[PDB]
Each structure stands twice: as C-alpha cells, then as structure tokens.
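Novice: Below is one structure. I have some questions about it.
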There are 2 protein chains.
Amino acid sequence: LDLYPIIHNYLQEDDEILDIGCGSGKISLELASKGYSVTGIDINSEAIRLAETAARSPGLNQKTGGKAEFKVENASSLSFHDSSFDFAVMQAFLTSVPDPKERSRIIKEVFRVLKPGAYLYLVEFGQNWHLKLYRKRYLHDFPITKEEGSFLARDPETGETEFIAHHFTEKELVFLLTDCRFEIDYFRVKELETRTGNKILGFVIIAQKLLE
Amino acid sequence: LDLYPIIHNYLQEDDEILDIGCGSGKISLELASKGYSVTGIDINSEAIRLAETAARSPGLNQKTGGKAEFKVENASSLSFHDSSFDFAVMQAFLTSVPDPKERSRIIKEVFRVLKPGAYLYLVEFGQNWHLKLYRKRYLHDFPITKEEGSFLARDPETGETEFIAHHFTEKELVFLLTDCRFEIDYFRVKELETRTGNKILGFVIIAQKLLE
Ligand SMILES: [Ca+2]
Ligand SMILES: [Ca+2]
Ligand SMILES: [Ca+2]
C-alpha cells in the first residue's frame with residue numbers, strides 16, 4: 001500500500017503531518033524523505049521501535065527539510081493538543097479497530113488534533129461482496145464477530161484466529177467522517193492490495209475539517 | 001530461519017557452496033558476507049532477480065573473499081557438472097516439493113554435483129503430531145494431498161489454497177539421505193519458525209557424501 005499521488009495535491013510545504021497507525025514507519029519515512037515533518041503514531045512499542053530503527057538508516061532522502069518522529073499512542077486518546085497538525089494520514093488503520101464506537105472516537109480525536117480546514121488522507125478496504133470468497137468469509141464470521149464486514153484473519157497453516165479485520169461500506173465510512181464534521185473533498189474506489197496480497201476494492205478519500 | 005552455527009564447524013575457507021532454493025538470497029548473501037563463494041539456485045526468475053538486486057547493495061560484508069552468484073535452476077535437473085561443489089545448503093526447500101519421487105531426484109542431483117566427502121547442510125520441518133492444530137491440519141488435508149504430512153497452506157482472509165507444504169518424519173528424511181549414499185554426521189531436533197511464524201519442531205542435519 002503506497003501513498004496515492006493525490007495526496008501531493010493537498011499537502012503544503014510546511015505541513016506538520018500525523019501518520020496514525022504508522023506500523024514500522026514506511027509511510028512516515030517516505031513523507032519525511034519528501035521534505036515533510038511527520039509524527040508517526042502507533043499503539044505498540046514494537047512497531048515504534050522498528051520505526052526509529054529504520055529512521056536512523058541514511059541516504060534515503062529525495063528532499064531536504066523533512067523529519068520523522070515516532071511515538072506510542074492510543075488513537076482514541078491522543079496526548080497532542082487541539083489543532084496540533086496540518087494534515088493527517090490514516091492508511092488501512094481503522095480496519096484493525098474492531099469496535100465501531102472506538103472508530104468514531106478515533107475520528108473525533110483526529111478531528112480534534114487537526115487545525116481548522118486541515119485535510120485528512122484516508123485509505124480503507126471496502127466490503128467486497130462481489131468476490132465470492134470474501135462474501136463467504138463475511139457470512140462465515142459474522143456469527144463470531146457480530147459486526148457486518150468484520151471477519152477473522154486466520155493462520156495459513158493452522159487456521160487459528162490471528163485477528164479481527166473490518167471491511168467498510170461507503171455509507172459507513174462517509175458517515176464516520178461527516179458525523180465528526182469532515183467534508184469529503186476527494187473520493188475514489190480503487191483496487192487495493194491486502195496485507196496478504198489479495199486484490200480487493202477499497203476507498204481513497206481526502207476529507208477536510210470544517211471551519212467552526 | 002537463520003543459519004545454525006554448527007555449519008561453521010563443517011565449512012572450510014575455500015569451499016564452493018551451492019544454496020538450493022535460495023529464494024531472494026538471504027542465506028547466500030550471508031555466506032558470501034562471511035567470505036564464501038556461493039551459488040544460489042532457485043526455480044523462479046522472480047526470486048533470482050530480487051537476489052541479484054540485493055546482491056548489489058553494498059557495505060554488507062564482515063569478511064573479504066566471498067562472492068554470490070544466482071541462477072534459475074530446476075533442482076531435479078541441475079546444469080552443473082559432477083563434483084562441482086564442496087558444500088550444499090538446503091534450508092526449508094524440500095518442504096515445498098510435493099512429489100516424494102521428485103524429492104529423491106533432487107537429493108540424487110545434490111549428491112551428483114557434490115565432490116566426494118563433501119557435506120550437505122539440511123534444515124526441514126518435522127511432522128508435529130503433538131501439536132493439536134497441526135495434527136488437525138494433517139488429518140484434514142490428507143484426503144486432498146494424498147501424502148502423509150503434506151497439507152495446504154491457505155490464504156488468511158479467504159481460505160483459498162495457496163500451496164502444498166510437506167512436513168517430514170525423521171525416518172523419511174534419514175532414508176531420503178541414506179538411500180542416496182549420504183551418511184548422517186550431525187542431527188538435532190530443534191524448534192523452528194515457519195514461513196508464517198509458527199513455532200514447530202524440525203531437524204538440523206549435516207550429511208556427508210560417501211567416498212566411492
Ligand atoms: Ca483457514
Ligand atoms: Ca494471497
Ligand atoms: Ca502465526
């Protein structure tokens with residue numbers, strides 16, 4: 001999952017960027033390389049440690065000016081102040097958050113730490129009902145997950161449950177955003193690659209935080 | 001899956017090493033780094049391409065003298081001459097070969113391209129019957145694979161069959177080797193990590209090619 005080019009139409013030179021769910025920091029470091037100041041955020045210290053590791057390795061940059069810092073954070077309770085950031089990126093993050101109420105609380109937090117009229121770049125997987133094998137997985141796991149579009153990712157050799165993944169409907173994603181006072185500025189359905197190599201449909205969205 | 005230290009008791013300074021099933025070349029490059037001349041072999045050009053890619057990247061070496069070359073090969077029909085190599089490494093390779101007759105033909109080829117009294121370093125996964133989830137997988141897939149210890153690795157999100165994996169019994173591995181005139185010099189049962197992160201028991205073996 002790379003950064004879609006569209007993001008560069010909305011970024012401005014001195015934007016302070018929050019990367020929510022940075023993992024081991026691929027995207028944060030790519031933005032830093034392009035001259036942006038980015039804070040990469042993640043709940044687990046493992047990922048954050050790896051990210052600061054990667055962040056040392058040199059000669060990466062295609063531009064000057066950027067920097068990347070990483071911090072362990074709980075996205076439904078950010079340490080940062082209101083209006084701390086010019087831009088947020090949320091790439092395949094909410095998909096790993098099993099509680100729909102937890103997801104709104106995260107969006108409210110992003111809204112809070114973003115300045116007025118700041119943009120949010122969001123990429124998520126859609127519910128691929130049209131794909132027989134995904135329809136089957138959704139049908140099979142609903143009785144367990146009890147949420148529509150949430151299913152279990154399983155160990156390939158063993159079939160043991162590893163984690164809960166959620167796929168979104170357009171309606172659901174749109175309202176998650178517009179209920180927290182974002183406006184949709186850019187929206188595409190795209191073919192995305194899952195963390196396991198499947199080609200499925202998802203969404204690329206640029207939302208803008210409304211002025212008070 | 002790293003190289004077990006034992007290998008360094010059997011390697012000699014100017015050994016020419018064959019790495020069968022080199023993938024993207026992690027192990028070949030590690031041996032090259034340590035000053036060995038190594039040929040990394042793999043059936044698919046993708047892996048080989050990546051390997052020559054990785055092989056360009058610099059500053060890796062902890063010793064001088066080594067080099068790594070990569071070639072697309074079919075292991076049951078090697079292009080190399082008899083007695084071409086002082087040492088062979090076969091790490092989690094045979095596990096991906098679904099035909100037990102194909103596996104003997106590979107061992108015969110390794111025997112052929114190895115010099116008299118050369119060593120073979122082999123690492124493989126054992127049949128973990130003691131692990132309930134592996135016992136269950138073996139039981140479930142036998143009717144499909146029709147080979148004992150062979151099962152299907154499945155897509156984590158979708159459950160679709162990706163590939164056939166084989167786990168070995170000690171008897172089976174021992175005879176695969178001793179039927180082709182190797183003698184077992186070193187043998188350990190170790191806890192290994194699967195390509196998907198499972199901790200299962202397997203084998204580390206140093207076999208020696210018998211003198212004619
Ligand atoms: Ca499964
Ligand atoms: Ca796949
Ligand atoms: Ca696992």
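Ordering of the structure tokens sets the chain letters (A, B, ...); residue numbers start at 1 within each chain; ligands are numbered from 1 in the order shown.
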Compute the set of protein, DNA and RNA residues whose minimum atom distance to ligand 1 is at most 10 Å, using only C-alpha atoms and all ligand atoms, and state it as a PyMOL selection string.
Specialist: (chain A and resi 137+152-161) or (chain B and resi 137+152-161)
Novice: Taking only C-alpha atoms into account, what are the residues of chain A at most 12 Å from chain B, put as a ChimeraX atom specification?
Specialist: /A:128,131-141,150-167,194-200
Novice: Selection from above, N, CA, C and O atoms, as a short mmCIF file (atom, residue, chain, number, x, y, z; two decimals), in the first residue's frame, can you write it?
Specialist:
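Wrote it out as result-v5.cif, contents follow:
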```cif
data_model
loop_
_atom_site.label_atom_id
_atom_site.label_comp_id
_atom_site.auth_asym_id
_atom_site.auth_seq_id
_atom_site.Cartn_x
_atom_site.Cartn_y
_atom_site.Cartn_z
N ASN A 128 -16.07 -6.32 -0.10
CA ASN A 128 -16.15 -6.92 -1.43
C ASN A 128 -17.14 -8.08 -1.53
O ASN A 128 -16.75 -9.23 -1.71
N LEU A 131 -17.01 -10.46 -4.51
CA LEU A 131 -15.98 -11.50 -4.53
C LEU A 131 -16.43 -12.69 -3.69
O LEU A 131 -16.50 -12.61 -2.45
N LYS A 132 -16.75 -13.78 -4.37
CA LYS A 132 -17.33 -14.96 -3.73
C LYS A 132 -16.60 -15.36 -2.44
O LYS A 132 -17.23 -15.63 -1.42
N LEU A 133 -15.28 -15.37 -2.47
CA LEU A 133 -14.52 -15.81 -1.30
C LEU A 133 -14.61 -14.80 -0.16
O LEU A 133 -14.54 -15.17 1.00
N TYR A 134 -14.78 -13.53 -0.47
CA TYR A 134 -14.94 -12.57 0.62
C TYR A 134 -16.38 -12.61 1.17
O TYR A 134 -16.59 -12.55 2.38
N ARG A 135 -17.35 -12.77 0.28
CA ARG A 135 -18.74 -12.91 0.70
C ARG A 135 -18.86 -14.09 1.68
O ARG A 135 -19.46 -13.97 2.76
N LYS A 136 -18.27 -15.21 1.29
CA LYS A 136 -18.21 -16.42 2.12
C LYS A 136 -17.54 -16.18 3.49
O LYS A 136 -18.08 -16.56 4.54
N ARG A 137 -16.39 -15.52 3.49
CA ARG A 137 -15.75 -15.16 4.76
C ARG A 137 -16.62 -14.28 5.66
O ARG A 137 -16.71 -14.53 6.86
N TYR A 138 -17.25 -13.24 5.08
CA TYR A 138 -18.14 -12.36 5.84
C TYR A 138 -19.30 -13.16 6.43
O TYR A 138 -19.68 -12.96 7.58
N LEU A 139 -19.90 -14.01 5.62
CA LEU A 139 -21.04 -14.81 6.05
C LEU A 139 -20.63 -15.74 7.18
O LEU A 139 -21.31 -15.86 8.19
N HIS A 140 -19.48 -16.39 7.01
CA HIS A 140 -18.99 -17.35 7.98
C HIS A 140 -18.67 -16.72 9.34
O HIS A 140 -18.96 -17.30 10.39
N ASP A 141 -18.06 -15.53 9.33
CA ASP A 141 -17.54 -14.96 10.57
C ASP A 141 -18.48 -14.02 11.32
O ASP A 141 -18.28 -13.75 12.51
N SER A 150 -16.94 -7.41 9.48
CA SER A 150 -15.81 -7.86 10.30
C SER A 150 -15.64 -9.36 10.24
O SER A 150 -16.61 -10.10 10.38
N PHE A 151 -14.41 -9.82 10.05
CA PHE A 151 -14.13 -11.24 9.97
C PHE A 151 -12.80 -11.56 10.63
O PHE A 151 -12.09 -10.67 11.11
N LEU A 152 -12.46 -12.85 10.65
CA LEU A 152 -11.22 -13.28 11.27
C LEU A 152 -10.20 -13.60 10.21
O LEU A 152 -10.48 -14.34 9.27
N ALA A 153 -9.01 -13.01 10.34
CA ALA A 153 -7.86 -13.43 9.57
C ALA A 153 -7.29 -14.65 10.29
O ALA A 153 -7.20 -14.68 11.52
N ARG A 154 -6.92 -15.67 9.54
CA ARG A 154 -6.55 -16.95 10.12
C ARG A 154 -5.10 -17.36 9.76
O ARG A 154 -4.60 -16.99 8.70
N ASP A 155 -4.45 -18.12 10.64
CA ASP A 155 -3.11 -18.62 10.32
C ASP A 155 -3.20 -19.55 9.12
O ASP A 155 -4.05 -20.43 9.08
N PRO A 156 -2.33 -19.34 8.13
CA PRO A 156 -2.36 -20.09 6.87
C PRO A 156 -2.15 -21.60 6.98
O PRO A 156 -2.58 -22.33 6.09
N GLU A 157 -1.49 -22.05 8.05
CA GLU A 157 -1.08 -23.47 8.14
C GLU A 157 -1.97 -24.19 9.13
O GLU A 157 -2.14 -25.39 9.07
N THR A 158 -2.57 -23.40 9.99
CA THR A 158 -3.15 -23.88 11.21
C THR A 158 -4.65 -23.51 11.31
O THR A 158 -5.43 -24.25 11.91
N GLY A 159 -5.03 -22.39 10.69
CA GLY A 159 -6.41 -21.95 10.68
C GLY A 159 -6.82 -21.26 11.96
O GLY A 159 -7.97 -20.86 12.14
N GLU A 160 -5.87 -21.10 12.87
CA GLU A 160 -6.16 -20.42 14.12
C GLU A 160 -6.44 -18.94 13.86
O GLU A 160 -5.82 -18.32 13.00
N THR A 161 -7.37 -18.38 14.63
CA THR A 161 -7.67 -16.95 14.56
C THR A 161 -6.47 -16.13 14.97
O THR A 161 -5.94 -16.31 16.06
N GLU A 162 -6.06 -15.22 14.11
CA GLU A 162 -5.00 -14.28 14.46
C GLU A 162 -5.56 -12.92 14.86
O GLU A 162 -5.23 -12.41 15.93
N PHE A 163 -6.42 -12.33 14.02
CA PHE A 163 -7.03 -11.04 14.35
C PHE A 163 -8.32 -10.76 13.60
O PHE A 163 -8.63 -11.40 12.59
N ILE A 164 -9.05 -9.78 14.11
CA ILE A 164 -10.28 -9.31 13.52
C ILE A 164 -9.99 -8.19 12.52
O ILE A 164 -9.32 -7.21 12.86
N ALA A 165 -10.47 -8.35 11.30
CA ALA A 165 -10.37 -7.30 10.30
C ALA A 165 -11.78 -6.80 9.99
O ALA A 165 -12.74 -7.57 10.01
N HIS A 166 -11.90 -5.50 9.73
CA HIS A 166 -13.19 -4.92 9.32
C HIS A 166 -13.09 -4.33 7.92
O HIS A 166 -12.16 -3.57 7.63
N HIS A 167 -14.03 -4.70 7.06
CA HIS A 167 -14.18 -4.03 5.77
C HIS A 167 -15.36 -3.08 5.81
O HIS A 167 -16.38 -3.36 6.44
N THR A 194 -4.36 -6.31 -0.15
CA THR A 194 -4.44 -6.55 1.30
C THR A 194 -3.09 -6.92 1.88
O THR A 194 -2.18 -7.34 1.15
N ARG A 195 -2.97 -6.75 3.20
CA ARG A 195 -1.78 -7.19 3.93
C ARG A 195 -1.35 -8.63 3.60
O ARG A 195 -0.26 -9.05 3.99
N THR A 196 -2.19 -9.37 2.88
CA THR A 196 -1.85 -10.73 2.47
C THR A 196 -1.78 -10.94 0.95
O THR A 196 -1.66 -12.07 0.49
N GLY A 197 -1.87 -9.86 0.18
CA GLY A 197 -1.70 -9.94 -1.27
C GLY A 197 -2.96 -10.08 -2.12
O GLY A 197 -2.87 -10.23 -3.35
N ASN A 198 -4.13 -10.05 -1.49
CA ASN A 198 -5.37 -10.09 -2.26
C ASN A 198 -5.68 -8.75 -2.93
O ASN A 198 -5.41 -7.69 -2.36
N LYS A 199 -6.19 -8.81 -4.16
CA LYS A 199 -6.66 -7.62 -4.84
C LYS A 199 -8.13 -7.41 -4.56
O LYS A 199 -8.98 -8.13 -5.08
N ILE A 200 -8.42 -6.40 -3.74
CA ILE A 200 -9.81 -6.08 -3.45
C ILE A 200 -10.09 -4.57 -3.59
O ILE A 200 -9.18 -3.74 -3.54
#
```
Novice: From a backbone DSSP assignment, name each residue in region 90-177 of chain A labelled strand (DSSP E), as number ranges by chain.
Specialist: A: 90-91, 114-125, 150-154, 161-166
Novice: In Å, how far is it from CA of residue 29 (chain A) to CA of residue 56 (chain A)?
Specialist: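 Taking CA of residue 29 (chain A) as the start and CA of residue 56 (chain A) as the end point, the length is 10.3 Å.
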Novice: Find the residues around residue 127 (chain A) up to 7 Å (only C-alpha atoms counted), leave out those fewer than 5 positions away in its own chain, and share them as a ChimeraX atom specification.
Specialist: /A:149,167-169
Novice: Provide the CA of residue 123 (chain A) to CA of residue 148 (chain A) distance in Å, to one decimal place.
Specialist: 19.1 Å
Novice: Which polymer residues have any atom within 12 Å of an atom of residue 179 (chain B), counting only C-alpha atoms, with same-chain residues fewer than 6 positions away left out, as a list in words?
Specialist: residues 103, 104, 105, 107, 108, 111, 171, 172, 173, 209 and 210 of chain B
Novice: Deliver the residues from the most recent selection as a file, using C-alpha atoms, as a PDB file, in the first residue's frame.
Specialist:
```pdb
ATOM      1  CA  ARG B 103      12.495 -35.202  -3.672  1.00  0.00           C
ATOM      2  CA  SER B 104      14.756 -38.233  -4.165  1.00  0.00           C
ATOM      3  CA  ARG B 105      15.669 -36.992  -7.628  1.00  0.00           C
ATOM      4  CA  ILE B 107      18.866 -35.437  -3.426  1.00  0.00           C
ATOM      5  CA  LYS B 108      20.467 -37.585  -6.168  1.00  0.00           C
ATOM      6  CA  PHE B 111      24.828 -35.971  -4.373  1.00  0.00           C
ATOM      7  CA  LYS B 171      12.644 -41.872   9.207  1.00  0.00           C
ATOM      8  CA  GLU B 172      11.643 -40.349   5.884  1.00  0.00           C
ATOM      9  CA  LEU B 173      14.363 -37.686   5.920  1.00  0.00           C
ATOM     10  CA  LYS B 209      28.667 -37.773   0.826  1.00  0.00           C
ATOM     11  CA  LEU B 210      30.249 -41.239   0.913  1.00  0.00           C
TER      12      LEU B 210
END
```
Novice: Please list as a compact mmCIF listing (two decimals) with C-alpha atoms, in the first residue's frame every residue within 8 Å of residue 204 (chain B), counting only C-alpha atoms and excluding residues in the same chain fewer than 6 positions away.
Specialist:
```txt
# COMPACT_ATOMS: atom_id res chain seq x y z
CA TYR B 121 23.56 -28.90 5.43
CA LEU B 122 19.83 -29.54 5.57
CA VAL B 123 17.04 -27.97 7.63
CA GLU B 124 13.47 -29.23 7.47
CA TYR B 186 25.15 -34.29 12.71
CA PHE B 187 21.49 -34.42 13.77
CA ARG B 188 19.37 -32.22 16.04
CA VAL B 189 15.69 -31.78 16.61
CA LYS B 190 15.17 -28.03 17.02
```
